[PDB]
Amino acid sequence: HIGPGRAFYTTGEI
Amino acid sequence: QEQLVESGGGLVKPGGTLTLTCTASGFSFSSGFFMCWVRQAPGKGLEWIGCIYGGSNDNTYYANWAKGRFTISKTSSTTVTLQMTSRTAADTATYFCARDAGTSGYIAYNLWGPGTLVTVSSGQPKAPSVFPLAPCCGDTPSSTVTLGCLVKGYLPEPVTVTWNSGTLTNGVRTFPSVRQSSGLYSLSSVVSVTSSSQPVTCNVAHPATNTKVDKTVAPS
Amino acid sequence: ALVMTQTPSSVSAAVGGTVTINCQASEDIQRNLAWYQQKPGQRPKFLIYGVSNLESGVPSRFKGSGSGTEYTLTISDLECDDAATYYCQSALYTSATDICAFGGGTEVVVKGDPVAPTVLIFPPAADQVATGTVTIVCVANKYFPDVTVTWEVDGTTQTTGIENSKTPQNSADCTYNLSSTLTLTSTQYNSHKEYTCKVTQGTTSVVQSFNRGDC
């Protein structure tokens, strides 16, 4: 499963 | 294996400024994780301070209360810094370097160092006196005996104690420290041993004063 | 902002039993929930990420559950090695102050086999008294449940100049250790004879003494 932060941990950006 | 080690804690006068260092081993500052700082006042809870990104976009993110007093920076490929200015005694705490691995897009602090202790205080440092703990000389010897060291009257924390240079660990009890009215800490360490088990030596170390004391203890 | 709130501040259960901690999130955290175990004196240990994903080496009996606002940690087949404070942690990835928020923590106390303490008293080393203070150390070793320490100097209840400190529960048998320390001026100390440490566990007491002249 995937978590609601996979985008944030990949970029370091939000 | 990967490991974190914090560094730089000690005494600091109120309002003075301190810089702590964290040092990673066994992995490198890539991207996909953060390096974070967490503090914990004695007996109190875990309180997050801030993180900093691994990728070269060294994105620094702080807690509400924290920014303006604290700042986190990538001092090298393997070392991260946090710099702070003290104010109150509530700044006295253990400062933890951690790693948010971000595993599967969830928060995951899967690596922690031992932490380093910052003491906000106006007091002078002081190195401990070390006294042997042995049963009353007027007692009758038994085949088995508990000896120890009293590590009294020091500032700041911490102190560490080992027995026979770390060779002796079975039956060792080292108690948490206590603050005296003077502001100096104390603790005891005891070890239980066969009355035939040769001399036993406690090794007391107090880095804040660059002190190591060895006290070899015998009964009566 | 985002606040986590762990509900039972403390809790006890026997070995082999089961305990439940809950953690409350302000918003919908969508299962972004991490658990940590911290024994006093040590760094926190990562247990779980994403409400229920066990980190390796963490045994299965740590059941994390929950959804949306209410999450639960359930420790079953409780063992003495579980004596610790447990922290929930979550994150909202939109503001600088919500990258991380820790819960307040829940203490877990494990009830094991009752063991009566053994008591030791340590009269001051020969060189203490020439410094102006004397510190007498008493230890209650390897005992469960908690004990009460009492001091007596030539038969008189002492309450001042006494500090106690207890080791946290032993990972193997749940037991405590206690040091009780009595400090007096050298002149106070030389004006008395019999120093007494009394450790009380319910209806049992162990009493150790020395007489100054003989040590």
Side-chain angles (χ1 to χ4, degrees), chain B residues 34 36 38 40 43-51 60-67 94 96 98 100-101 103-115 129 131-139 146-148 150 152-153 173-180 186-188 190 192 217 220, chain C residues 1 31-34 36 38 40-46 48-51 53 55 85 87 89-91 93 95-105 118 120-128 131 133 135 137 139 141-142 163-168 177-179 181 183 210-211 213-215:
Chain B
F34 278 92
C36 307
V38 186
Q40 185 173 46
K44 294 292 189 178
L46 291 181
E47 170 158 278
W48 173 68
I49 295 184
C51 299
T60 193
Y61 298 1
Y62 298 73
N64 48 75
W65 64 275
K67 195 194 281 275
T94 286
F96 281 115
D100 191 353
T103 298
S104 294
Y106 301 96
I107 188 166
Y109 286 52
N110 72 348
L111 183 61
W112 293 77
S129 290
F131 297 98
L133 293 177
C136 177
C137 71
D139 287 339
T146 300
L147 303 163
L150 161 65
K152 174 194 198 158
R173 294 146 149 101
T174 298
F175 295 90
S177 62
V178 297
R179 194 204 82 112
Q180 314 302 145
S186 278
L187 65 76
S188 269
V190 290
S192 302
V217 188
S220 57
Chain C
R31 309 185 75 261
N32 177 45
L33 186 99
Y36 304 82
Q38 187 184 32
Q42 305 184 23
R43 81 198 70 185
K45 183 170 102 190
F46 178 49
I48 280 177
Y49 69 105
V51 161
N53 310 312
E55 189 59 329
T85 303
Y87 291 97
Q89 170 211 51
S90 189
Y93 300 111
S95 0
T97 93
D98 286 12
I99 285 96
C100 183
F102 279 109
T118 49
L120 302 155
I121 192 164
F122 292 104
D127 51 309
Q128 257 186 88
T131 79
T133 81
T135 292
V137 183
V139 296
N141 262 352
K142 197 183 182 169
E163 278 309 319
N164 309 314
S165 73
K166 191 172 63 170
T167 56
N177 307 286
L178 195 63
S179 77
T181 267
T183 308
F210 73 104
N211 299 297
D214 296 76
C215 323

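Chain naming here is simple, since letters A, B, ... match the order of the sequence lines and numbering starts at 1 in each. Below, all heavy atoms of this structure are taken into account, side chains as well, without hydrogens, waters or symmetry copies.
Side chains of C/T183 and B/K152: a donor-acceptor N/O pair is absent below 3.5 angstrom, by distance only.
For chain C, the option among B/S177, B/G138, B/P132 with the highest count of heavy-atom pairs below 4.5 Å is B/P132. Top candidate by heavy-atom pairs under 4.5 Å with chain B, chosen from C/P124, C/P168, C/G50, is C/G50. For the set C/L178, C/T181, C/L120, the entry with the most heavy-atom pairs within less than 4.5 Å of chain B is C/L178. No other option in B/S186, B/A63, B/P176 has as many heavy-atom pairs under 4.5 Å with chain C as B/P176. When B/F175, B/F96, B/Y61 are compared by the number of non-hydrogen pairs under 4.5 Å with chain C, B/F175 comes out ahead. In terms of non-hydrogen atom pairs under 4.5 Å with chain C, the most contact-rich of B/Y109, B/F34, B/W65, B/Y62 is B/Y109. Among B/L187, B/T146, B/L111, the residue making the largest number of heavy-atom pairs under 4.5 Å with chain C is B/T146. The choice from B/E47, B/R179, B/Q40 that makes the most heavy-atom pairs within less than 4.5 Å of chain C is B/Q40. Of the residues considered (C/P123, C/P44, C/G105), C/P44 shows the highest number of contacts with chain B, using heavy-atom pairs under 4.5 Å.
Contacts between C/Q89 and chain B at a heavy-atom distance below 4.5 Å involve backbone atoms as well as side-chain atoms. Neither the backbone nor the side chain of C/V51 has a heavy atom closer than 4.5 Å to any heavy atom of chain B. B/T103 touches chain C through backbone and side chain together, each having a heavy atom under 4.5 Å away. At a 4.5 Å heavy-atom cutoff, the contact between C/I99 and chain B is made by backbone and side-chain atoms alike. With a 4.5 angstrom heavy-atom cutoff, C/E55 touches chain B only via side-chain atoms. Only the backbone of C/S90 comes within less than 4.5 Å of a heavy atom of chain B; no side-chain atom from C-beta onward does. Both the backbone and the side chain of B/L46 have a heavy atom closer than 4.5 Å to some heavy atom of chain C. Proximity to chain B (any heavy atom under 4.5 Å) is shown, for C/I48, by neither the backbone nor the side chain. Proximity to chain B is limited to the backbone of C/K166, based on heavy atoms less than 4.5 angstrom apart. Heavy atoms of C/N211 lying under 4.5 Å from chain B are absent altogether.
The minimum heavy-atom distance between C/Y87 and B/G45, with the atom names listed, is OH-CA, 3.5 Å. Scanning all heavy atoms of the two residues, the minimum distance from C/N164 to B/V178 falls at O-CG1, 4.0 Å. Taking each heavy atom of B/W48 and C/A96 in turn, the nearest pair found is CH2-O, 3.2 Å. Pairing each heavy atom of C/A91 with each of B/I107, the nearest pair is CB-CD1, 3.8 Å. For the residue pair C/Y49 and B/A108, the shortest heavy atom distance occurs at CB-CB, 3.9 Å. Residues B/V190 and C/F122 approach most closely at CG1-CE1, 4.2 Å, considering heavy atoms.
Within the model, atoms OG1 of C/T133 and CD of B/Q180 stand 9.5 Å from one another, a figure rounded to the nearest 0.5 Å. For the atom pair CG of C/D127 and OG of B/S129, the computed distance is 9.0 Å after rounding to the nearest 0.5 Å.
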Step-by-step side-chain contact (heavy atoms from CB on, under 4.5 Å) determination, C/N141 to B/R173 = CA-CA 9 Å; C/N141 262 352; B/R173 294 146 149 101; 3.2 Å; yes

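Around atom NZ of B/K67, more than 12 heavy atoms belonging to other residues, nucleotides or ligands sit under 6.0 Å away.
For the two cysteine residues C/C215 and B/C136, the thiol sulfurs sit under 2.5 Å apart.
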